[PDB]
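Working notes, beginning with the structure itself.
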Amino acid sequence: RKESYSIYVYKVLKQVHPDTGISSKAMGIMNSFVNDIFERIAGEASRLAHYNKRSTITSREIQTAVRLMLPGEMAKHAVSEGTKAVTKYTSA
Amino acid sequence: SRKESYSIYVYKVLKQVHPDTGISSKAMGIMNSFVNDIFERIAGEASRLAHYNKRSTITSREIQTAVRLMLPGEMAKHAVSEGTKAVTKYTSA
Amino acid sequence: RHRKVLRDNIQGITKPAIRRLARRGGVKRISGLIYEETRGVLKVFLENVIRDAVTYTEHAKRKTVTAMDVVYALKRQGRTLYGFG
Amino acid sequence: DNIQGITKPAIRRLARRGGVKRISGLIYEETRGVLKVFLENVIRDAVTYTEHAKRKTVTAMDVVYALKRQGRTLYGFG
Amino acid sequence: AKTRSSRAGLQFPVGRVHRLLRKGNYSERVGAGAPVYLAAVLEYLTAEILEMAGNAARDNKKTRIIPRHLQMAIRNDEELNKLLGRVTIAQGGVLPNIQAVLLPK
Amino acid sequence: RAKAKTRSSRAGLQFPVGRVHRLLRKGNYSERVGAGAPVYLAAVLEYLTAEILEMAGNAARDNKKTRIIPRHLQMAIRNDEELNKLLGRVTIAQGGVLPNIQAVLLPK
Amino acid sequence: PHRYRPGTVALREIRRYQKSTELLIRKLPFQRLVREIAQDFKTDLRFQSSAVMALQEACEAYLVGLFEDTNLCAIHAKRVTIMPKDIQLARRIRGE
Amino acid sequence: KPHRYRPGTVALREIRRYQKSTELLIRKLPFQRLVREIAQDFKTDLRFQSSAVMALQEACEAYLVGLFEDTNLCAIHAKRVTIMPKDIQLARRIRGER
DNA sequence: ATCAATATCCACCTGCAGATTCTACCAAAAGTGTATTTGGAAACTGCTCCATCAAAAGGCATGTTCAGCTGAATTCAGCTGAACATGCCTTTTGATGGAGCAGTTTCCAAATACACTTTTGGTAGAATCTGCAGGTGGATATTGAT
DNA sequence: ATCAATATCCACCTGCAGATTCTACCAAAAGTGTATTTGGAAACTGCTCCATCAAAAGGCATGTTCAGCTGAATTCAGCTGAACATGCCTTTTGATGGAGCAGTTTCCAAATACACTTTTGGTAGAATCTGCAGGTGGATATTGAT
Ligand SMILES: [Cl-]
Ligand SMILES: [Cl-]
Ligand SMILES: [Cl-]
Ligand SMILES: [Cl-]
Ligand SMILES: [Mn+2]
Ligand SMILES: [Mn+2]
Ligand SMILES: [Mn+2]
Ligand SMILES: [Mn+2]
Ligand SMILES: [Mn+2]
Ligand SMILES: [Mn+2]
Ligand SMILES: [Mn+2]
Ligand SMILES: [Mn+2]
């Protein structure tokens with residue numbers, strides 16, 4: 001049993017291009033991309049919590065890590081989407 | 001307030017290697033930075049090694065592999081010699 | 001009391017200072033347009049480093065940029081700096 | 001003698017994809033030298049990973065990790 | 001029973017992201033909002049890349065995104081190209097680019 | 001109880017095995033740490049420190065100086081192929097550069 | 001008999017290979033080279049085919065990028081022909 | 001005839017001098033002002049440890065010296081002894097800074 | 001070829017800022033005993049790899065011909081280095097006052113822990129239908145007379 | 001430049017193999033409900049450093065003059081590298097067969113974790129020790145005019 005992000009990438013693809021598919025190799029590219037960004041953000045959040053002597057990684061460390069790892073405008077949009085998701089989840 | 005550093009150990013090794021040589025505070029600061037940098041390089045690669053192979057424990061084997069991955073050719077062999085020696089001595093003591 | 005507003009300080013990076021930097025880099029002869037170009041390059045570099053350092057400061061809920069904030073920001077760009085831990 | 005298997009037409013195609021229009025005759029051997037160094041470094045680290053896992057088969061992931069250690073992240077082989 | 005992804009309005013898996021944070025030797029504890037936030041960011045980036053790559057595939061009269069389309073999408077976007085500056089896309093070519101001085105007359 | 005003996009002395013080391021163990025434990029590297037891992041790591045850190053101090057002290061003696069300064073560390077690192085490779089992206093504050101003038105710039 | 005002028009076919013080849021994505025080194029020579037080099041680090045090794053394919057993708061991408069930088073170095077010197085000193089300058093600046 | 005060195009002799013003397021020493025080459029107070037101005041544009045009323053400004057200056061000068069090394073190699077590659085903006089631009093392009 | 005001018009190299013010296021040693025407290029490492037996790041050996045399976053053989057096309061090696069690029073030689077206007085007067089702004093050390101960083105205590109929102117249920121994501125085979133040979137025709141670009 | 005001849009590329013097509021999408025089963029992962037603990041925020045202080053200014057001397061920035069040497073522009077021959085025809089050898093493609101390695105499960109000794117207690121090495125700050133900066137003076141090497 002090997003896990004991947006394939007079904008989630010495909011769901012987002014159907015949201016964005018309902019009549020478009022994806023080849024197996026491109027899906028592999030996407031899995032590499034998701035794992036890469038996960039490790040970048042999570043590692044920076046780990047370093048942030050450790051620098052400040054905190055035991056817990058919170059959405060604040062994730063947000064700061066996003067501001068550090070992502071270029072300018074992409075960072076703003078990602079922060080908007082993260083805070084949005086967190087507030088939606090909290091109200092639900 | 002208590003700030004820890006590697007300074008006393010750096011100085012012991014310095015006296016071991018150059019008994020009549022000292023070191024300035026700024027140079028000692030570069031030395032402390034060097035020790036912490038290498039610590040993080042080795043420990044991070046060892047963490048990744050244990051994770052890739054689904055091991056819960058970091059052992060001297062992960063440290064050794066990390067050293068081989070970090071160091072240029074001959075320095076790696078030398079460091080492996082000193083680490084392995086230290087571990088065997090520690091185990092017999 | 002308060003500082004008078006800081007303006008136009010990239011010009012503090014003077015032509016003689018740029019020349020000395022180039023000299024340490026082994027440069028023998030310098031075209032007249034190098035100085036403005038160097039100022040632009042330096043400003044971009046310093047902006048990027050300071051932005052990341054200030055991000056670290058703000059995450060720590062501090063108002064004082066520390067040497068370690070700068071060190072983390074420099075490591076952040078793949079430029080490990082020794083001497084300020 | 002396997003580095004000579006990297007033929008002049010293959011090196012030329014590589015240069016073409018890089019936008020090169022004209023190639024001096026000494027490029028090919030130089031490219032071979034460069035390629036050898038590159039492969040050596042990567043393969044060394046990959047085998048170290050293979051040797052750490054107590055395996056005798058180099059995996060795609062060994063190569064991926066070796067490429068990452070060298071700051072050349074490769075997508076597509078996870 | 002409702003999944004945390006659906007509570008957050010997300011397609012990417014909040015539970016899996018939370019577990020991967022717990023198991024990645026990142027910190028002793030992970031807060032409830034962190035996996036939601038991280039999954040949302042990953043979904044946003046995935047959506048941007050798939051939008052642009054699907055546009056490239058439609059322009060090429062193809063149903064399926066292939067690595068070449070992902071390469072086009074990444075390298076033609078300044079911030080994505082910066083983000084993935086040291087990343088190699090297998091079977092992704094290069095952008096067509098011929099230095100002007102090499103064109104004839 | 002038995003007489004207390006430090007792990008550093010058991011291992012024949014100058015660098016502190018206990019401190020390195022604690023730093024491994026608290027650095028979120030793995031759930032568990034083996035008994036030999038801090039010994040090995042402390043030994044490697046001590047050895048690398050010994051090499052850099054050997055070369056920096058030699059450079060300091062060549063300049064007829066008792067005390068190592070950052071310039072000597074920079075000399076030691078940049079004149080040694082493997083140390084310069086290891087610290088390739090490292091800046092040494094107050095280290096300067098090696099003397100190097102491209103031949104084409106010398107007078108004819 | 002028809003002949004294209006020097007440079008016309010080279011530009012056609014540039015356009016062709018920048019349009020496509022297939023690997024440009026023959027597979028068997030690269031496989032042989034990989035196994036030869038690997039034998040010098042550890043004996044009696046096996047390779048997953050995907051490992052050799054990953055190595056080849058990485059090598060060709062590296063070489064293509066290096067040739068881009070080499071080309072810029074050659075053009076910088078007001079030439080259109082890449083030479084070993086261009087590769088050497090590109091690798092020096094890169095930190096290799 | 002008052003004594004004059006030939007163009008290039010003093011420049012080579014300066015190369016030797018500054019490659020022998022390690023002191024910072026930008027004036028400290030102007031660099032301080034530049035740092036504080038730039039930081040003020042990101043967040044107001046910031047304070048700095050003095051060692052933080054010194055770390056920034058060490059990093060900036062090391063960066064610029066290395067850049068000038070690469071720029072010099074680019075100028076010599078073009079059969080010149082004079083560094084020009086396009087040398088800096090080529091060096092930064094190959095370095096990946098663009 | 002000299003000879004002046006100027007820089008650089010060495011050797012000397014001492015006082016004090018900076019480095020080292022000394023001192024005593026205490027936070028952290030070591031010792032002890034107990035609890036919990038794990039590594040690995042012993043068999044066992046089933047995919048992947050490797051070895052081997054065979055034919056054929058397709059890419060490569062080779063030789064020939066020549067276009068055109070690179071490197072050499074030349075020239076010159078003007079840019080940039082060297083030197084200097086002038087004057088200011090940096091540097092160094094200290095004062096003032098408070099902003100803010102750090103230590104401490106208290107307690108709650110938020111996290112972990114655990115038993116059990118519900119849901120999901122991976123997988124293999126079937127069903128679907130895109131992309132690729134391998135052909136055409138037309139667009140586009142190159143090349144040679146003129 | 002126009003005009004003919006010639007070559008290559010792109011868009012289209014059909015048939016159909018193969019890749020992707022669809023489907024259904026199930027072990028494992030996520031979710032739930034409840035109980036319990038705890039990290040870290042909030043509030044409160046106490047010092048540590050930072051911001052800003054002040055003075056004064058001198059080091060350094062700036063602007064200017066003038067001339068040497070460099071970058072820029074140009075020309076051009078020879079030698080290199082591109083283009084192309086020819087033939088052959090390696091790589092590719094396909095088929096068969098096993099050995100060998102990657103995984104899997106399990107059970108017990110061995111290893112590691114953790115609470116509590118004892119001991120001491122490491123640190124902060126004070127007291128002491130000192131090398132090297134920062135001066136002088138003289139020797140020597142380099143530079144440039146003549
Ligand atoms: Cl959170
Ligand atoms: Cl161990
Ligand atoms: Cl060359
Ligand atoms: Cl320019
Ligand atoms: Mn401002
Ligand atoms: Mn206050
Ligand atoms: Mn499902
Ligand atoms: Mn076709
Ligand atoms: Mn607590
Ligand atoms: Mn010239
Ligand atoms: Mn003691
Ligand atoms: Mn002196």
Side-chain angles (χ1 to χ4, degrees), chain A residues 1-4 6-7 21-24 54-56, chain B residues 1-5 8 11 22-25 55-57, chain C residues 1-3 14-17 29-32 62-64, chain D residues 5 7-9 22-25 55-57, chain E residues 1-4 13-16 18-19 29-32 61-64 104, chain F residues 1-7 16 18-19 21-22 32-35 65-67 107, chain G residues 1-10 12 15-16 26-29 46-49 79-81, chain H residues 1-11 13 27-30 47-50 79-82 84:
Chain A
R1 217 193 74 102
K2 296 167 75 79
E3 290 179 357
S4 81
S6 297
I7 65 164
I22 188 172
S23 78
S24 189
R54 297 301 172 79
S55 299
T56 311
Chain B
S1 56
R2 263 189 72 265
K3 298 160 75 80
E4 290 181 358
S5 81
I8 65 165
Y11 213 92
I23 189 171
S24 78
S25 54
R55 294 301 176 81
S56 300
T57 312
Chain C
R1 291 176 212 158
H2 198 279
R3 195 167 67 220
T14 64
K15 164 179 174 174
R29 202 164 185 279
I30 300 165
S31 111
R62 278 186 277 100
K63 291 174 156 258
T64 304
Chain D
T7 63
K8 164 178 175 174
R22 201 164 185 279
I23 300 165
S24 143
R55 279 186 278 100
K56 290 178 81 168
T57 304
Chain E
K2 196 103 182 302
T3 77
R4 290 180 283 165
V14 173
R16 176 173 296 186
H18 196 169
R19 181 248 301 171
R29 298 172 146 211
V30 183
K61 287 175 233 292
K62 262 140 180 58
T63 295
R64 301 201 295 248
Chain F
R1 65 160 55 187
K3 194 56 61 187
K5 193 104 182 303
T6 76
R7 292 155 84 189
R19 177 172 296 185
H21 192 172
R22 182 248 302 171
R32 298 169 73 85
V33 183
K65 262 139 179 287
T66 295
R67 194 183 299 143
Chain G
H2 174 93
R3 285 184 71 87
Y4 287 105
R5 295 170 70 198
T8 298
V9 187
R12 202 151 64 234
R15 291 176 221 276
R16 172 195 170 176
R26 299 272 63 90
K27 287 198 174 180
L28 179 63
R46 289 147 81 94
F47 282 81
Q48 297 190 170
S49 64
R79 297 177 348 254
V80 303
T81 305
Chain H
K1 214 177 185 184
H3 173 92
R4 286 185 71 86
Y5 286 104
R6 294 170 69 198
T9 298
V10 188
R13 290 219 306 271
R27 300 273 66 90
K28 291 196 176 180
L29 179 63
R47 293 150 88 93
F48 283 81
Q49 296 188 339
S50 62
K79 285 176 281 175
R80 295 177 273 99
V81 303
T82 304
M84 305 177 327

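Every chain is numbered from 1 and lettered A, B, ... according to where its sequence line falls, protein lines coming before strand lines. Side chains are part of it too, since the values below use all heavy atoms of this structure and drop only hydrogens, waters and symmetry mates.
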Between atom CZ of E:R16 and atom OG of A:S4, what is the distance when rounded to the nearest 0.5 Å?
7.0 Å
F:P107 near the nucleic acid: base, sugar-phosphate alone, or nothing, with a heavy-atom cut-off under 4.0 Å?
nothing
Which value, in whole Å, describes the distance between the P atoms of nucleotides J:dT119 and J:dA42?
44 Å
Could you check whether A:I7 gets within reach of a base, just the sugar-phosphate, or nothing at all, counting any heavy atom under 4.0 Å?
sugar-phosphate
On DNA chain I, more 5' by nearest nucleotide between D:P9 and H:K79 is D:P9
Which part of the nucleic acid does D:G5 contact within heavy-atom distance under 4.0 Å: base, sugar-phosphate only, or nothing?
nothing
Can you list the stems that DNA chain I is part of, where a stem is at least 3 pairs in a row, each Watson-Crick or G-U, with both distances below 3.5 Å?
I:1-4 with J:143-146, I:7-47 with J:100-140, I:49-140 with J:7-98, I:142-146 with J:1-5
Sugar conformation, J:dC12 - torsion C1'-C2'-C3'-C4' sign
north
Polar atom pairs between nucleotides 100-107 of chain J and protein, under 3.5 Å, N or O only, would you list them?
from: J:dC101; atom 1: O3'; to: D:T57; atom 2: OG1; distance (Å): 3.2
from: J:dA102; atom 1: OP1; to: D:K56; atom 2: N; distance (Å): 3.0
from: J:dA102; atom 1: OP1; to: D:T57; atom 2: N; distance (Å): 3.0
from: J:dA102; atom 1: OP1; to: D:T57; atom 2: OG1; distance (Å): 3.3

Enclosure of F:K5 NZ (heavy-atom neighbours >12, cutoff 6.0 Å)
yes
Work out the sugar pucker of I:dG135 as north or south, treating a positive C1'-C2'-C3'-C4' as north.
north
Using heavy-atom distances to pick each residue's nearest nucleotide on DNA chain J, tell me which of H:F48 and A:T56 is more 5'.
A:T56
Nucleotide of J:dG122, I:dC49, I:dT32 approaching F:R1 most closely (side-chain heavy atoms):
I:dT32
Taking for each residue the nucleotide of DNA chain J bearing the nearest heavy atom, is the 5' side occupied by F:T66 or by G:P1?
G:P1
Nearest-0.5 Å distance that lies between atom CZ in C:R62 and atom CD in H:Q49:
7.5 Å
Residue H:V81, side-chain heavy atoms: nucleotide from I:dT80, J:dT80, J:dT70 that is nearest
J:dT70
Quick one about C:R29 and H:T82 (side-chain donor to acceptor, distance below 3.5 Å, no hydrogens or angles considered), yes or no?
yes
Of the candidate nucleotides I:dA7, J:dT70, I:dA111, which contains the atom at the shortest distance from the side chain of E:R29?
I:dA111
Take H:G8 and A:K2, find for each the nucleotide of DNA chain I with the closest heavy atom, and name the residue whose nucleotide sits nearer the 5' end.
H:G8
With a 3.5 Å cut-off and just heavy-atom distances, do the side chain of H:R4 and the base of I:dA82 make a donor-acceptor pair?
yes
Name the closest nucleotide to the E:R4 side chain, picking from I:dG68, I:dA83, J:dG31.
J:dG31
Would you indicate what C:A17 reaches in the nucleic acid, counting non-hydrogen atoms under 4.0 angstrom: base, sugar-phosphate, or nothing?
nothing
Whole-Å P distance, I:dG125 and I:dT48:
13 Å
Using atom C1' in both nucleotides, what's the gap between I:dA82 and I:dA5 to the nearest angstrom?
15 Å
Considering every strand and a 4.0 Å limit on heavy-atom distances, what is the contact class for B:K3: base, sugar-phosphate, or nothing?
sugar-phosphate
Students often get this wrong, so: under 4.0 angstrom with heavy atoms, is G:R16 touching a base, only sugar-phosphate, or nothing?
nothing
Is the CZ atom of G:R16 crowded by more than 12 outside heavy atoms at less than 6.0 Å?
no
Given J:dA72, J:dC84, J:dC60, identify the nucleotide with an atom nearest to the side chain of H:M84.
J:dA72
Applying a 4.0 Å non-hydrogen cut-off, can you work out what G:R3 is touching in the nucleic acid: base, sugar-phosphate, or nothing?
base
Compare the minimum distances between each of I:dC69, I:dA7, J:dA113 and the side chain of F:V33, then state the nucleotide with the smallest one.
J:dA113
Assign B:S56 to base, sugar-phosphate, or nothing according to its heavy-atom contacts below 4.0 angstrom with the strands shown.
sugar-phosphate
Pick base, sugar-phosphate or nothing for A:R54, based on heavy-atom distances below 4.0 Å to the nucleic acid.
sugar-phosphate
G:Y4 has a side chain; which of J:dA113, I:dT143, I:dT91 sits nearest to it?
I:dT143
Between I:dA82, J:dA29, J:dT6, which nucleotide gets closest to the side-chain atoms of H:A11?
I:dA82
Base, backbone or nothing for each nucleotide of nucleotides 132-141 of chain I, written B, S, -, heavy atoms under 4.0 angstrom, 5' to 3'?
S---------
Return the nearest nucleotide to the side chain of F:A4; candidates are J:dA61, I:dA30, I:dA83.
I:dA30
Check the distance between J:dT92's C1' and G:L28's CG and give it to me in whole angstrom.
9 Å
